[PDB]
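Undergrad: Pasting an experimental structure, sequence included:
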Amino acid sequence: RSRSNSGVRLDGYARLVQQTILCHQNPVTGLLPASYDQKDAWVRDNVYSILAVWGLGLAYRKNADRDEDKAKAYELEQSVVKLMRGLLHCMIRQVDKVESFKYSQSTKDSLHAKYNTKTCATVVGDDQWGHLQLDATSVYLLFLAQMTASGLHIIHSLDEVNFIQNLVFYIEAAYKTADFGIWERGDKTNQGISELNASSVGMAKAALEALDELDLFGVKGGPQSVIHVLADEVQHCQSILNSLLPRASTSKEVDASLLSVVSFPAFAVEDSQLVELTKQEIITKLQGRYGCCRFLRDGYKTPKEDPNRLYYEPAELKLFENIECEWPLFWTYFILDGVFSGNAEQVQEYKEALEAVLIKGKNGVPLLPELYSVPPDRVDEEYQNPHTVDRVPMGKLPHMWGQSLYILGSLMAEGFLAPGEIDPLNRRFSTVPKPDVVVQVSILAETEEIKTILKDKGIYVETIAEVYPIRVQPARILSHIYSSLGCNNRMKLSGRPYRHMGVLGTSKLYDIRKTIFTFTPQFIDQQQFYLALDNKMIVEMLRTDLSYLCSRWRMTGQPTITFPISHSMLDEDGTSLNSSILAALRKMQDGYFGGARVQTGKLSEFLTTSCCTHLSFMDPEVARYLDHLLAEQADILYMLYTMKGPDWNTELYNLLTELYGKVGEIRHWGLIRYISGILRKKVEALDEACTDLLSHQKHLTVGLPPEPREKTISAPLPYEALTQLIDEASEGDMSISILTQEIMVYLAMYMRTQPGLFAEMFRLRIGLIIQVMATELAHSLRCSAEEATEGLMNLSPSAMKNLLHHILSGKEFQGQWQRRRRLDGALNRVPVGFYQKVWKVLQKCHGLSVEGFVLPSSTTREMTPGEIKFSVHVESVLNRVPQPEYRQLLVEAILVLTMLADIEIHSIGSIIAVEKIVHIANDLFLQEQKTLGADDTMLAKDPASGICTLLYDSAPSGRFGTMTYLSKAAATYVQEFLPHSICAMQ
Amino acid sequence: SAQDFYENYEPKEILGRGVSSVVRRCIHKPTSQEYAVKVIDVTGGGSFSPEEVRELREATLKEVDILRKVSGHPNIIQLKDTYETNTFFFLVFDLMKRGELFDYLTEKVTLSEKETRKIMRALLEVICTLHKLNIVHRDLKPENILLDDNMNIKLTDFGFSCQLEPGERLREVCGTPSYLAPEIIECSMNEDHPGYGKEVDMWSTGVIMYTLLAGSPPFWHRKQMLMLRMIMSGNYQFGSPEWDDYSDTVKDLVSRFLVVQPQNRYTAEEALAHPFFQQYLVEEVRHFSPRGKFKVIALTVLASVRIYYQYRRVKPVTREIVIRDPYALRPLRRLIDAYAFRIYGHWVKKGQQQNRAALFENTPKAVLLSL
Ligand SMILES: C/C=C(\C)CC/C=C(\C)CCC=C(C)C
């Protein structure tokens, strides 16, 4: 008869939400201003700030049996619809930016982070603010999918369905797009430098999964209202999340916003060890007694920053250490994580901790402070003793973002809401183990005459024609097809951009206009590049591509890879299958290949046990093609074909792809590469290839050693610009341009499968990689560098990949160690933590000088030991020596100071010339061998360095090793600079 | 069949690699227990001809046999079950979270006397079991030795093993060059020598002693045949400054396995009886003549006095001794070796051109370039 006590207590929560959040909702737009001082509505904050209203509305709807508690449930539900619709109008008024960002992932074409709360218009310009925040649109897209799944009808028209579909392509490239992120400041420096933040990558993955086959019209919807998401981009975000975490970016060791990725609302991390490790990293490095710092060296409202300058100078970062403002917002995330994980202890430690920071206001309602700031006088005390001084609440009061999750956490912790109701798409189960899937493979024959060669080897296949009505197509065709998904001419939306399709996309069965479609996997495409013309590379790519499939399939049915055997995959004779592919095919019949369970069969058998995705946008360019589809010496010719002029690409005739045809059949790699350079054939996955290397805390440098011509990649570059940078860094030589990108695939190939070869290289310098690969193939089969240069063009992709792995793994086919020091200092290979060891030494010194270029101790305070920017500073000083072998002598010379530094209690207190320590070590290496019987002939000087050639060839350790002489000369230099020394601890 | 493989185990991650065999970690679904699976490609990517395809199977079929002949023993892995397909041969065994002894010997260049004692105590006690069952290994390299989280030795890759018929001595050359006993090469260079028996394993084990305690093989040089003459002739040296800090009980036991003549070699049963592997059992009466008591009390004094004297002798690290001779004294030499293997620990691998001795230069350049 009376209202349930749940309804009564929700009234207190209704008052809390109304008095704190819903009283600021704009009457016209439904948007929420950040505060009275900041009268604008942020896309990310508004979505987060509406969660309390959405949770309250769901909580009130649980007992909707009376008129009033139906109505307040309706108000809260439709207030959420008002905000999410109001935020839709803000973004839908910038469809030109969404369309432009899909193709060019630039900051200048990004959806604005803040809008007019009164008119849904852009308050600020495209350059007056840090606008590219892919975790703000994704927080909208994720919850839009979740709120529709909960029953909230937000999307009203099929044009908005197209807009949201086009918004998927907007957030698809989050794994390869740098953005300012959750804190609108980009990197840690706050200098307008966009970076690949795990929050943006994680948020897009969850939003993409949330929108995956989601009907925006609810249950009363159709295929026209379904948002189609490609798992290639979803799992590409995973490859970045796994590589980035527990770090938030290359510049941030950790961010408390990763709590928005590991647990709520993203659930974007599938490995529970990563979730716990990242959450505990936040615990140690960020949490104190007033919340959690956003990220180390934040200084957003620290009293040691001027509130007038929008940017921070590099030296100011060290001023923020240990006195950073602390935000209780992240403690609401830990409460929310505990409710989802089911850790009542966690929901208690962070609830009492948050209840002691909540500032009471108005009629006793709790207000969540935006941040707790150190008083200006007490900054020095927290410098010395961390996280103990009393902080004052500053910033926004209330923080409408954090306040909502506090109420949302309060609602779900007192039994007014369940994790499933706030997460109807079941993202909370992302951490549960997933068994590996059985990859179905249907080997096909392009012609009948290939079916007989396979039959003679005992391979049961159907021909390309026997599979009809099921018809196979290249992976490109599938990419063209999705270019019609989300097309709206009046809204000027052009659908999905052309993106390369991996196996996760091409292993599905496609239902286009009632005709079942299977698409050949992209790594067999031969028109794009020459990686499909090496049959030993088909197996290697196939081996990893099945391994990628089995461990990363998240769709109904089993993946189906249709593998067509082509004439190129046969032998040079033409009557026998190539042994590498021959082994690969029988490998699949036995049921195991590349770590994946392969159930070989015919494409007809796998019709019912595959992911049959209906491509409803094709249901009544590419459609026209599909409509008909449904119904003397060779080497000389290039000298001719390049002296036609620069490639005119027109008909000045009297089509090198035809000339590229025979060389693919004869498989002469030097010639075929040259055609790819002069035709500018370019791989379709270099931008994930670069990003994967980039996401593992590496800087990619492509180009020959000199700095102005060698360009560094530190931020994820889009496909066009990254390729343009490679071509411009190709200084016109087309052979290096392809080898640059060709090695880039192999570097990413080994990085994904064997991460341990790059643990000693923090900067991937592709440009010298061709050089260092040239020297070993020059010393092997001893020949000139030019012959090696012609030789390097000539190896097969598998041989090229093996030889690069021969370089990286440390396997050996002047002198032995001279070849192990020209291969150790030319790749800038340094031991693990050496950049973390220079920091310790420089604190005991004034600097480290190499060839009279100093690396001062001021750098130690300026960047952290683990900062990759510091790694650049130590690295930049170490390339002041041109010759590679001498650099490694400097490298281990640096460490003999490190090991002597630990023994020595006192500090040198002056400059140390790392170069000189080698020189007298060269001089002292000279004297001992003279005394023991060395002739002047054996001790011959290196012409440029000044080191004996035998010293280069000398082993590291031993009585007469290089680091015994350098552990010897690292003491006479300390004699003059340090008159008195004390060595302890042995 | 492969179905039988996946009905009981699920391979998660790649643990190691080989020439044609891949080691992969798996989860046993019925037991949820960690287990290692070695995945040998029988066809070997098509490089293997039908003879090698057949021979690898027969080598693998034999390989199950020895690992089926020895079971339940603490320090060799248990082949839990073996699955054979037309293209692979799966072998599931125990999971060793840590890698081979080679990887460990790379991390710690010189392996301490206490640690090596239990290491080989197992290995010699491993060797006893093989010889008592009359099975020789011929392959006792540290990469063949696997260690677990408690450092326990798990001898692995009995791929070259073969059971001698009672009183029969082999002739085939099986094994990477450094760890080959002198008569292995001699039988390779002559037909009169009628073969080698189970005493082969003794030499290979004694080689680990020089490698573990010094970080280098007893005989190593960059060309192939030159190493061989150091082996058959048997010229080894506990060189200075490296090998002088170890106790004298170490040296004699090293020579015992390293004697070039097989019959005088130190077989496994008496190998564990050398003073190094003697253990202090608390409950021993240990009765002694009055002269025996007088020694003990004198030796108990002689010990205490000794320990004070030895310690007093250790020279603290000073500036000058670093200038004159770093390697000469232990604490700085072990350090130089340690930071030697942190920079170029990737340069040590399996084979002859990648052994650990390449990282040590113990001889003048002139003598090295004498010939
Ligand atoms: C115990 C060291 C004895 C000779 C070598 C001299 C040591 C040093 C000269 C200074 C180098 C590093 C310092 C880190 C603080």
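TA: Alright, I've got the coordinates. Numbering: from 1, shown residues only, chains lettered A, B, ... in the order given.

Undergrad: can you give me the helices in chain B?
TA: Ranges of helices in chain B, per DSSP state H, are B:2-6, B:50-69, B:101-107, B:113-132, B:182-189, B:200-214, B:224-233, B:248-258, B:268-271, B:290-313, B:319-324, B:330-343, B:365-368.

Undergrad: Without its sequence neighbours, what residue ends up closest to the residue most central in space within chain B?
TA: A centroid search over chain B (C-alpha atoms, centre = their mean) returns residue B:142, at 3.7 Å, as the residue closest to the centre. The spatially closest residue to residue B:142, leaving aside those adjacent along the chain, is residue B:101, at 3.6 Å (C-beta to C-beta, 6 or more residues apart in numbering or on different chains). In short, each C-beta sits where N, CA and C put it, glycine included.

Undergrad: again, but for residue A:548
TA: Counting by C-beta to C-beta, 6+ apart, residue A:548 lies nearest to residue A:503, which is 6.2 Å off, once chain neighbours are set aside.

Undergrad: Spell out which parts of the stretch 51-200 of chain B neighbour chain A.
TA: B:85, B:86, B:87, B:88, B:109 (C-beta under 8 Å from any C-beta of the partner chain).

Undergrad: Okay, and which of these map to strands?
TA: Among those, DSSP state E puts residue B:88 in strands.

Undergrad: Now the closest residue to residue A:359 other than its chain neighbours: phi and psi?
TA: Counting by C-beta to C-beta, 6+ apart, residue A:359 lies nearest to residue A:367, which is 4.8 Å off, once chain neighbours are set aside. Reported as degrees, to the nearest 10, the phi and psi values for residue A:367 are phi -120, psi 130.

Undergrad: and what of residue A:548?
TA: phi -60, psi -40.

Undergrad: Identify the residues contacting it.
TA: Residue A:548 makes contacts with A:502, A:503, A:504, as judged by C-beta atoms under 8 Å, 6 or more residues apart in numbering or on different chains.

Undergrad: picking that back up, let me know the closest of the residues of the stretch 51-200 of chain B next to chain A to residue A:772.
TA: Among these, residue B:109 lies closest to residue A:772 (C-beta to C-beta), at 27.1 Å.

Undergrad: Would you mind listing what in the stretch 801-950 of chain A touches chain B?
TA: So the stretch 801-950 of chain A meets chain B at A:809-812, A:816-817, A:820, A:824, A:829-832, A:888, A:891-892, A:895-896, A:898-900, A:903, A:928-929, A:932-935, A:938-939, A:950 (C-beta under 8 Å from any C-beta).

Undergrad: Need the buried ones from these selected in ChimeraX.
TA: Buried members of these, defined by 16 or more other C-beta atoms under 10 Å in any protein chain shown, are picked up in ChimeraX with:
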select /A:810,811,812,816,817,820,824,829,830,831,888,891,892,895,896,898,899,900,903,928,929,934,939,950
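
Undergrad: residues in contact with residue A:557?
TA: So residue A:557 contacts A:508, A:509, A:609, A:610, A:611, A:612 (C-beta under 8 Å, 6+ apart).

Undergrad: same check, this time on residue A:149
TA: Per C-beta under 8 Å, 6+ apart, neighbours of residue A:149: A:214, A:424, A:425.

Undergrad: re the thing from before, in this structure the residue nearest to residue A:359 contacts residue A:328, no?
TA: No: applying C-beta atoms under 8 Å as the test, residue A:367 and residue A:328 come out as separate, 10.4 Å apart.

Undergrad: Find residues that contact each of those two.
TA: Here residue A:367 and residue A:328 have residue A:358 as joint contacts, going by C-beta under 8 Å, 6+ apart.

Undergrad: out of these two, which sits in the busier spot?
TA: The residue with more neighbours, out of residue A:367 and residue A:328, is residue A:328; 27 against 21, by other C-beta atoms under 10 Å in any protein chain shown.

Undergrad: any idea how far residue B:219 is from that one?
TA: 68 Å (C-beta to C-beta, to the nearest Å).
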